[PDB]
Trainee: 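Before we start, here is the structure in question, set down as structure tokens.
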Amino acid sequence: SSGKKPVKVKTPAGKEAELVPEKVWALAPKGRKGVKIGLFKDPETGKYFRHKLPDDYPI
DNA sequence: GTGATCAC
DNA sequence: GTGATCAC
């Protein structure tokens with residue numbers, strides 16, 4: 001899914017930013033919770049990075 | 001190790 | 001084909 005709501009992330013370049021993830025999904029093995037993951041673009045570098053989403057962020 | 005995703 | 005993303 002593409003996300004709508006912004007997320008507080010630490011960028012690879014070291015900054016606090018609020019970014020809307022371009023894709024989001026659940027990353028979990030069988031029997032365990034895992035995490036939710038967002039695909040983000042650092043607007044300072046144009047570089048792509050992944051980052052944990054809050055547990056209640058909608059997929 | 002396991003899970004999904006995709007820019008590189 | 002894989003790095004890198006986390007929590008268990």
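Here is the naming used below: chain letters follow the sequence lines, and residue numbers restart at 1 for every chain.
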Trainee: Give a yes or no on whether the neighbouring nucleotides B:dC6 and B:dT5 have stacked bases (ring centres less than 5.5 Å apart, plane angle less than 30°).
Mentor: yes
Trainee: What closest approach, in Å, do A:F49 and A:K10 show between heavy atoms, and which atom pair accounts for it?
Mentor: CE1-O, 3.8 Å
Trainee: Give the minimum heavy-atom separation between A:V7 and A:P21, together with the two atoms involved.
Mentor: CG2-CD, 4.0 Å
Trainee: Atom CG of A:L39 and atom P of B:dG3: how far apart are they, to the nearest Å?
Mentor: 22 Å
Trainee: What heavy-atom pair brings A:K33 and A:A28 nearest, and what distance separates the two atoms?
Mentor: O-CB, 3.3 Å
Trainee: Taking NZ, NE, NH1 and NH2 as the nitrogens, is one of them in A:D42 or A:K15 under 4.0 Å from a carboxylate oxygen of the other?
Mentor: no
Trainee: Which sits closer to the 5' end of DNA chain B, A:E22 or A:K30, going by the nucleotide each is nearest to?
Mentor: A:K30
Trainee: Check for me whether B:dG3 and B:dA4 meet both conditions: six-membered ring centres under 5.5 Å apart and planes under 30°.
Mentor: no
Trainee: Check whether the side chains of A:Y57 and A:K36 place a donor and an acceptor atom closer than 3.5 Å, and report yes or no.
Mentor: no
Trainee: Might you point out which heavy atoms bring A:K8 and A:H51 nearest each other, and give the distance in Å?
Mentor: O-CE1, 4.3 Å
Trainee: With 3.5 Å as the limit, what N/O pairs link the protein to nucleotides 5-8 of chain C?
Mentor:
{"from": "C:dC6", "atom 1": "OP1", "to": "A:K52", "atom 2": "N", "distance (Å)": "2.9"}
{"from": "C:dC8", "atom 1": "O2", "to": "A:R32", "atom 2": "NH1", "distance (Å)": "2.8"}

Trainee: Assign C:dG3 to north (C3'-endo side) or south (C2'-endo side) according to its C1'-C2'-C3'-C4' torsion.
Mentor: south
